[PDB]
Protein chains: 2
Amino acid sequence: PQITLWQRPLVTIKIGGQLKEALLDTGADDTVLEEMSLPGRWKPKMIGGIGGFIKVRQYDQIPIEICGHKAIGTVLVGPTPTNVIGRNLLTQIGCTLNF
Amino acid sequence: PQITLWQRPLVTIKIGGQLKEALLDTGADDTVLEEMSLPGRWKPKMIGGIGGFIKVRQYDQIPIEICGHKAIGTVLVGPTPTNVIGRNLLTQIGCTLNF
Ligand SMILES: C=CCNC(=O)[C@@H](NC(=O)[C@@](O)(CCCN(Cc1ccc(-c2cccs2)cc1)NC(=O)[C@@H](NC(=O)OC)C(C)(C)C)Cc1ccc(CC=C)cc1)C(C)C
Ligand SMILES: [Cl-]
Ligand SMILES: [Cl-]
Ligand SMILES: [Cl-]
C-alpha cells in the first residue's frame, strides 16, 4: 500500500494468533509492544525515547504479520505509549519513505 | 527521493537561518527540535513518548526547508534527545510510506 501521514499510520498486526493495532514508526530502530506474553527466553534491553530510557524484554525470532505482510524478528515488550513497528521489521516488509 | 530504512532516515533541514540534521519520523505527530531560537509567539506544551514527557515551546507558522522542499508549520523546541520531523511537516512535502 501507500500510506499518507495526515493521520497516524496505524495498521493491524498479528502476533501469537492475536490482532493488535500498531504504529508504523520510521523514527524507531526497534519494534516495541505493550505488555503481552511471548514464548521462549528474553534478554534485557534499554531503549531511549523522547522522555528518557526504559527497560524492556527482548524476544528474538518472533513471527509477526504486519498489514498482512509476514515478518520474523526481534520484538521488545515494555511500557510503551503505543505498539510501535520500528525499522527492524519495516525493512522486512519492504517499506520505504517516498516524496 | 526514495529513502531506505536500513539506516535511520536522516535529512538536512534549513530552519531559522540554520542548517540542522533531523530524523524523518512517521511515529511523531509533531516536529521537535533541540534548543534553538525562533521568532514570534510561543506557548508551552508537554509531549510524551517512550520514557515519559518533556516540556517544549510551541511555535506556529514557521518556515522550513526539507530536502529542497519548502513547508510551513508548527515547530516544538525543547530537550529532545534528537531532532525529529513529524507528520505535521512530512505531509507538506508529500511524504508517504510504501510497501
Ligand atoms: C505528542 C503526541 C504523541 N507523541 C508523539 O507523537 C511523539 N512521538 C514519539 O515519541 C515516537 O514517534 C518516537 C519518536 C522517535 N524516537 C526518537 C528518538 C530516537 C532516539 C533517541 C535517543 C537517542 C539517544 C538516546 S535516546 C530518543 C528519541 N525514537 C524512539 O522513541 C525509539 N528509540 C530509538 O529508536 O532508539 C534510538 C523507540 C520508539 C524508543 C524505539 C513514537 C511514539 C511514542 C508515543 C506515542 C504516543 C501516541 C499516542 C506516539 C508515537 C513525539 C515525538 C511527537
Ligand atoms: Cl529483527
Ligand atoms: Cl502544523
Ligand atoms: Cl496527499
# chains A, B, ... in the order shown; residues from 1 in each chain; ligands from 1
call {"tool": "residues_around", "arguments": {"residues": "residue B:29", "least_positions_apart": "5", "cutoff": "10 Å", "atoms": "only C-alpha atoms", "output": "tab-separated table (two decimals) with N, CA and C atoms, in the first residue's frame"}}
result
chain	number	residue	atom	x	y	z
A	5	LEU	N	0.21	10.58	5.62
A	5	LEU	CA	0.55	10.83	7.01
A	5	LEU	C	-0.30	11.95	7.61
A	6	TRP	N	-1.49	12.14	7.05
A	6	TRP	CA	-2.42	13.12	7.58
A	6	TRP	C	-3.03	12.64	8.89
A	7	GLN	N	-3.10	11.32	9.05
A	7	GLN	CA	-3.42	10.69	10.33
A	7	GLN	C	-2.25	9.81	10.76
A	8	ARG	N	-2.28	9.32	11.99
A	8	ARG	CA	-1.31	8.33	12.44
A	8	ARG	C	-1.36	7.08	11.57
B	47	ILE	N	4.95	17.08	25.67
B	47	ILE	CA	4.84	15.98	24.73
B	47	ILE	C	5.47	14.73	25.28
B	85	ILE	N	11.55	15.29	12.50
B	85	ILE	CA	10.50	15.82	11.65
B	85	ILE	C	9.25	14.95	11.75
B	86	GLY	N	8.16	15.53	12.24
B	86	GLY	CA	6.94	14.77	12.45
B	86	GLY	C	5.93	14.90	11.33
B	87	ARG	N	4.79	14.24	11.49
B	87	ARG	CA	3.82	14.12	10.40
B	87	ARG	C	3.34	15.50	9.94
B	88	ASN	N	3.27	16.46	10.86
B	88	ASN	CA	2.72	17.76	10.51
B	88	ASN	C	3.50	18.46	9.40
B	89	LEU	N	4.78	18.13	9.27
B	89	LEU	CA	5.58	18.64	8.16
B	89	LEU	C	5.84	17.62	7.05
B	90	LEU	N	5.89	16.34	7.41
B	90	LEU	CA	6.02	15.28	6.41
B	90	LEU	C	4.88	15.32	5.37
call {"tool": "residues_near_ligand", "arguments": {"ligand": "ligand 3", "cutoff": "8 Å", "atoms": "only C-alpha atoms and all ligand atoms", "output": "PyMOL selection string"}}
result
chain B and resi 30+60-61+72-75+88-89
call {"tool": "calpha_fit_and_write", "arguments": {"fixed": "chain A", "moving": "chain B", "output": "short mmCIF file (atom, residue, chain, number, x, y, z; two decimals) with C-alpha atoms, in the first residue's frame"}}
result
data_model
loop_
_atom_site.label_atom_id
_atom_site.label_comp_id
_atom_site.auth_asym_id
_atom_site.auth_seq_id
_atom_site.Cartn_x
_atom_site.Cartn_y
_atom_site.Cartn_z
CA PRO B 1 -0.28 0.09 -0.19
CA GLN B 2 0.53 3.77 -0.17
CA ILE B 3 0.01 5.22 3.29
CA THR B 4 -0.66 8.92 3.78
CA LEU B 5 0.84 10.81 6.72
CA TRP B 6 -2.06 13.20 7.26
CA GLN B 7 -2.97 10.85 10.12
CA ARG B 8 -0.92 8.53 12.32
CA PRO B 9 -0.06 5.49 10.18
CA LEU B 10 -1.78 2.79 12.24
CA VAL B 11 -2.02 -0.80 11.04
CA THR B 12 -3.23 -4.13 12.36
CA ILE B 13 -0.61 -6.72 13.26
CA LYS B 14 -0.95 -10.38 14.18
CA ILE B 15 1.51 -11.56 16.80
CA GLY B 16 1.51 -14.40 19.32
CA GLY B 17 -2.01 -15.35 18.26
CA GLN B 18 -3.26 -11.83 19.02
CA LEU B 19 -4.47 -8.93 16.86
CA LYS B 20 -3.08 -5.53 17.86
CA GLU B 21 -2.98 -1.99 16.51
CA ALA B 22 0.48 -0.52 15.96
CA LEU B 23 2.16 2.60 14.59
CA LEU B 24 4.49 2.38 11.58
CA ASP B 25 7.46 4.26 13.00
CA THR B 26 10.49 5.07 10.82
CA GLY B 27 12.05 6.86 13.81
CA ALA B 28 12.20 3.63 15.84
CA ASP B 29 15.17 1.25 15.51
CA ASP B 30 13.19 -1.51 17.21
CA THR B 31 9.62 -2.81 17.43
CA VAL B 32 8.09 -2.23 20.87
CA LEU B 33 4.76 -3.53 22.12
CA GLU B 34 2.76 -3.08 25.32
CA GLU B 35 2.86 -5.88 27.89
CA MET B 36 2.05 -9.26 26.39
CA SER B 37 3.24 -12.84 26.57
CA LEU B 38 5.63 -14.29 24.00
CA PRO B 39 7.28 -17.73 23.82
CA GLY B 40 10.96 -18.56 24.17
CA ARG B 41 14.05 -16.86 25.58
CA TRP B 42 14.36 -13.16 26.38
CA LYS B 43 16.87 -10.68 27.80
CA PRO B 44 16.40 -7.28 29.41
CA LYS B 45 17.08 -4.07 27.48
CA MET B 46 16.82 -0.33 28.06
CA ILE B 47 15.46 1.76 25.23
CA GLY B 48 15.35 5.50 25.02
CA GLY B 49 13.50 8.31 23.29
CA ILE B 50 11.94 11.62 24.19
CA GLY B 51 11.34 11.62 27.94
CA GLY B 52 14.08 9.10 28.72
CA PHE B 53 14.37 5.31 28.93
CA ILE B 54 12.18 2.32 29.76
CA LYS B 55 13.12 -1.28 30.53
CA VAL B 56 11.80 -3.91 28.13
CA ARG B 57 12.11 -7.63 27.45
CA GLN B 58 13.80 -8.51 24.17
CA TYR B 59 12.46 -11.54 22.30
CA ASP B 60 14.19 -12.67 19.11
CA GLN B 61 12.95 -14.58 16.05
CA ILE B 62 9.27 -13.75 16.61
CA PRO B 63 6.86 -14.24 13.69
CA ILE B 64 4.60 -11.30 12.92
CA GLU B 65 2.15 -10.41 10.18
CA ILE B 66 1.70 -6.77 9.20
CA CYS B 67 -0.91 -5.92 6.56
CA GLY B 68 -0.80 -9.49 5.27
CA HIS B 69 2.97 -9.35 5.01
CA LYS B 70 4.72 -12.01 7.08
CA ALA B 71 8.04 -11.20 8.70
CA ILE B 72 10.23 -12.43 11.53
CA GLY B 73 12.33 -10.37 13.91
CA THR B 74 13.04 -9.02 17.37
CA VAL B 75 10.13 -7.72 19.44
CA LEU B 76 10.58 -5.66 22.59
CA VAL B 77 7.87 -5.84 25.24
CA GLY B 78 7.34 -3.33 28.06
CA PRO B 79 5.63 -0.16 29.31
CA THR B 80 5.58 1.72 26.01
CA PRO B 81 2.78 4.27 25.75
CA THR B 82 1.97 2.98 22.25
CA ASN B 83 2.64 -0.05 20.07
CA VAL B 84 5.27 0.79 17.44
CA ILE B 85 6.59 -1.14 14.47
CA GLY B 86 10.24 -0.19 14.03
CA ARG B 87 12.71 -0.35 11.17
CA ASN B 88 13.79 -3.90 12.00
CA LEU B 89 10.41 -5.16 10.78
CA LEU B 90 9.55 -2.36 8.34
CA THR B 91 12.52 -3.46 6.18
CA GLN B 92 11.17 -7.00 5.96
CA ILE B 93 7.85 -5.95 4.44
CA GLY B 94 9.64 -3.70 1.95
CA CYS B 95 8.48 -0.43 3.48
CA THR B 96 10.04 2.78 2.12
CA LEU B 97 9.64 6.53 2.52
CA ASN B 98 8.89 8.36 -0.72
CA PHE B 99 8.66 12.01 -1.68
#
call {"tool": "select_by_dssp", "arguments": {"residues": "chain B", "states": "strand (DSSP E or B)", "output": "PyMOL selection string"}}
result
chain B and resi 2-3+10-15+18-24+31-33+42-49+52-66+69-77+84-85+96-98
call {"tool": "write_last_selection", "arguments": {"atoms": "C-alpha atoms", "output": "CSV table (one decimal), in the first residue's frame"}}
result
chain,number,residue,atom,x,y,z
B,2,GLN,CA,13.1,7.1,-2.2
B,3,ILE,CA,14.5,6.6,1.3
B,10,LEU,CA,18.3,11.5,8.5
B,11,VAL,CA,18.0,14.6,6.3
B,12,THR,CA,19.2,18.1,6.3
B,13,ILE,CA,16.7,20.9,7.2
B,14,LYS,CA,17.0,24.6,7.0
B,15,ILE,CA,15.2,26.5,9.7
B,18,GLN,CA,20.3,27.4,10.5
B,19,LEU,CA,21.2,24.0,8.9
B,20,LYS,CA,20.3,21.0,11.1
B,21,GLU,CA,20.2,17.2,10.8
B,22,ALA,CA,16.8,15.7,11.6
B,23,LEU,CA,15.1,12.3,11.6
B,24,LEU,CA,12.1,11.6,9.4
B,31,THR,CA,8.2,18.2,14.8
B,32,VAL,CA,10.6,18.6,17.7
B,33,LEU,CA,14.0,20.2,17.6
B,42,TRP,CA,5.1,30.6,21.5
B,43,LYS,CA,3.2,28.6,24.2
B,44,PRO,CA,4.3,25.8,26.4
B,45,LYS,CA,3.4,22.2,25.7
B,46,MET,CA,4.1,18.8,27.2
B,47,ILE,CA,4.8,16.0,24.7
B,48,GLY,CA,5.2,12.3,25.5
B,49,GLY,CA,6.7,9.2,24.2
B,52,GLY,CA,7.6,9.9,29.6
B,53,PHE,CA,7.1,13.6,28.8
B,54,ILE,CA,9.2,16.7,28.2
B,55,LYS,CA,8.2,20.4,28.2
B,56,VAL,CA,8.7,22.2,25.0
B,57,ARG,CA,7.9,25.6,23.4
B,58,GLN,CA,5.4,25.6,20.6
B,59,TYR,CA,6.0,28.0,17.7
B,60,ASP,CA,3.4,28.2,14.9
B,61,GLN,CA,3.7,29.1,11.2
B,62,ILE,CA,7.5,28.5,11.0
B,63,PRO,CA,9.0,28.2,7.5
B,64,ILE,CA,11.3,25.2,7.0
B,65,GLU,CA,13.0,23.5,4.0
B,66,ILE,CA,13.5,19.8,4.0
B,69,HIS,CA,11.0,21.1,-0.2
B,70,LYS,CA,9.6,24.2,1.4
B,71,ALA,CA,6.9,23.9,4.0
B,72,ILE,CA,5.4,25.8,6.9
B,73,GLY,CA,4.1,24.5,10.2
B,74,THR,CA,4.4,24.2,13.9
B,75,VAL,CA,7.8,23.5,15.4
B,76,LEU,CA,8.3,22.4,19.0
B,77,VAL,CA,11.6,23.3,20.7
B,84,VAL,CA,12.7,14.8,14.6
B,85,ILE,CA,10.5,15.8,11.7
B,96,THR,CA,4.4,8.6,2.1
B,97,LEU,CA,5.1,5.1,3.4
B,98,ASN,CA,5.2,2.5,0.7
call {"tool": "select_by_dssp", "arguments": {"residues": "chain B", "states": "helix (DSSP H, G or I)", "output": "ChimeraX atom specification"}}
result
/B:87-90
call {"tool": "decode", "arguments": {"residues": "stretch 46-65 of chain A", "atoms": "N, CA, C and O atoms", "output": "PDB file, in the first residue's frame"}}
result
ATOM      1  N   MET A  46      17.738  -1.759  27.152  1.00  0.00           N
ATOM      2  CA  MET A  46      17.319  -0.397  27.431  1.00  0.00           C
ATOM      3  C   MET A  46      17.144   0.355  26.121  1.00  0.00           C
ATOM      4  O   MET A  46      17.963   0.227  25.211  1.00  0.00           O
ATOM      5  N   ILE A  47      15.988   0.987  25.961  1.00  0.00           N
ATOM      6  CA  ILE A  47      15.739   1.805  24.787  1.00  0.00           C
ATOM      7  C   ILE A  47      15.364   3.225  25.198  1.00  0.00           C
ATOM      8  O   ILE A  47      14.884   3.454  26.308  1.00  0.00           O
ATOM      9  N   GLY A  48      15.748   4.182  24.362  1.00  0.00           N
ATOM     10  CA  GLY A  48      15.552   5.594  24.661  1.00  0.00           C
ATOM     11  C   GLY A  48      14.486   6.207  23.776  1.00  0.00           C
ATOM     12  O   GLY A  48      14.462   5.979  22.570  1.00  0.00           O
ATOM     13  N   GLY A  49      13.605   6.996  24.381  1.00  0.00           N
ATOM     14  CA  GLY A  49      12.633   7.777  23.634  1.00  0.00           C
ATOM     15  C   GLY A  49      12.715   9.239  24.022  1.00  0.00           C
ATOM     16  O   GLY A  49      13.637   9.653  24.729  1.00  0.00           O
ATOM     17  N   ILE A  50      11.697  10.003  23.649  1.00  0.00           N
ATOM     18  CA  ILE A  50      11.723  11.445  23.860  1.00  0.00           C
ATOM     19  C   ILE A  50      11.804  11.778  25.343  1.00  0.00           C
ATOM     20  O   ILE A  50      12.379  12.793  25.725  1.00  0.00           O
ATOM     21  N   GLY A  51      11.270  10.897  26.181  1.00  0.00           N
ATOM     22  CA  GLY A  51      11.126  11.194  27.603  1.00  0.00           C
ATOM     23  C   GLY A  51      12.247  10.636  28.455  1.00  0.00           C
ATOM     24  O   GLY A  51      12.324  10.917  29.649  1.00  0.00           O
ATOM     25  N   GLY A  52      13.128   9.850  27.843  1.00  0.00           N
ATOM     26  CA  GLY A  52      14.193   9.179  28.577  1.00  0.00           C
ATOM     27  C   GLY A  52      14.237   7.703  28.240  1.00  0.00           C
ATOM     28  O   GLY A  52      13.730   7.288  27.203  1.00  0.00           O
ATOM     29  N   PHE A  53      14.766   6.899  29.157  1.00  0.00           N
ATOM     30  CA  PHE A  53      15.032   5.489  28.879  1.00  0.00           C
ATOM     31  C   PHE A  53      14.081   4.577  29.651  1.00  0.00           C
ATOM     32  O   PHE A  53      13.647   4.906  30.756  1.00  0.00           O
ATOM     33  N   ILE A  54      13.748   3.433  29.061  1.00  0.00           N
ATOM     34  CA  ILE A  54      13.047   2.386  29.786  1.00  0.00           C
ATOM     35  C   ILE A  54      13.719   1.037  29.571  1.00  0.00           C
ATOM     36  O   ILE A  54      14.493   0.865  28.630  1.00  0.00           O
ATOM     37  N   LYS A  55      13.453   0.109  30.483  1.00  0.00           N
ATOM     38  CA  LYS A  55      13.858  -1.282  30.322  1.00  0.00           C
ATOM     39  C   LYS A  55      12.744  -2.076  29.671  1.00  0.00           C
ATOM     40  O   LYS A  55      11.574  -1.925  30.024  1.00  0.00           O
ATOM     41  N   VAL A  56      13.114  -2.917  28.713  1.00  0.00           N
ATOM     42  CA  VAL A  56      12.154  -3.770  28.035  1.00  0.00           C
ATOM     43  C   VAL A  56      12.674  -5.200  27.979  1.00  0.00           C
ATOM     44  O   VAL A  56      13.857  -5.459  28.227  1.00  0.00           O
ATOM     45  N   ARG A  57      11.782  -6.126  27.652  1.00  0.00           N
ATOM     46  CA  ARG A  57      12.154  -7.513  27.434  1.00  0.00           C
ATOM     47  C   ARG A  57      12.344  -7.777  25.937  1.00  0.00           C
ATOM     48  O   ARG A  57      11.465  -7.469  25.136  1.00  0.00           O
ATOM     49  N   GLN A  58      13.506  -8.310  25.564  1.00  0.00           N
ATOM     50  CA  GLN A  58      13.801  -8.603  24.161  1.00  0.00           C
ATOM     51  C   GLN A  58      13.552 -10.069  23.836  1.00  0.00           C
ATOM     52  O   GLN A  58      14.220 -10.958  24.372  1.00  0.00           O
ATOM     53  N   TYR A  59      12.597 -10.316  22.944  1.00  0.00           N
ATOM     54  CA  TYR A  59      12.372 -11.646  22.385  1.00  0.00           C
ATOM     55  C   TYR A  59      12.859 -11.689  20.935  1.00  0.00           C
ATOM     56  O   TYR A  59      12.520 -10.814  20.138  1.00  0.00           O
ATOM     57  N   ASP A  60      13.568 -12.750  20.567  1.00  0.00           N
ATOM     58  CA  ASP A  60      14.098 -12.859  19.206  1.00  0.00           C
ATOM     59  C   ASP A  60      13.320 -13.862  18.347  1.00  0.00           C
ATOM     60  O   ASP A  60      12.709 -14.808  18.855  1.00  0.00           O
ATOM     61  N   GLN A  61      13.345 -13.635  17.036  1.00  0.00           N
ATOM     62  CA  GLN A  61      12.846 -14.605  16.064  1.00  0.00           C
ATOM     63  C   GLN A  61      11.360 -14.897  16.269  1.00  0.00           C
ATOM     64  O   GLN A  61      10.909 -16.043  16.150  1.00  0.00           O
ATOM     65  N   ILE A  62      10.585 -13.837  16.464  1.00  0.00           N
ATOM     66  CA  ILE A  62       9.146 -13.954  16.693  1.00  0.00           C
ATOM     67  C   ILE A  62       8.395 -13.697  15.393  1.00  0.00           C
ATOM     68  O   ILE A  62       8.559 -12.641  14.782  1.00  0.00           O
ATOM     69  N   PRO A  63       7.512 -14.629  15.001  1.00  0.00           N
ATOM     70  CA  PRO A  63       6.679 -14.378  13.832  1.00  0.00           C
ATOM     71  C   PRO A  63       5.646 -13.286  14.090  1.00  0.00           C
ATOM     72  O   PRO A  63       5.046 -13.233  15.170  1.00  0.00           O
ATOM     73  N   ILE A  64       5.544 -12.348  13.160  1.00  0.00           N
ATOM     74  CA  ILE A  64       4.566 -11.280  13.272  1.00  0.00           C
ATOM     75  C   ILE A  64       4.133 -10.808  11.885  1.00  0.00           C
ATOM     76  O   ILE A  64       4.941 -10.727  10.959  1.00  0.00           O
ATOM     77  N   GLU A  65       2.827 -10.672  11.710  1.00  0.00           N
ATOM     78  CA  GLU A  65       2.257 -10.229  10.443  1.00  0.00           C
ATOM     79  C   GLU A  65       1.918  -8.747  10.556  1.00  0.00           C
ATOM     80  O   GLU A  65       1.359  -8.311  11.558  1.00  0.00           O
TER      81      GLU A  65
END
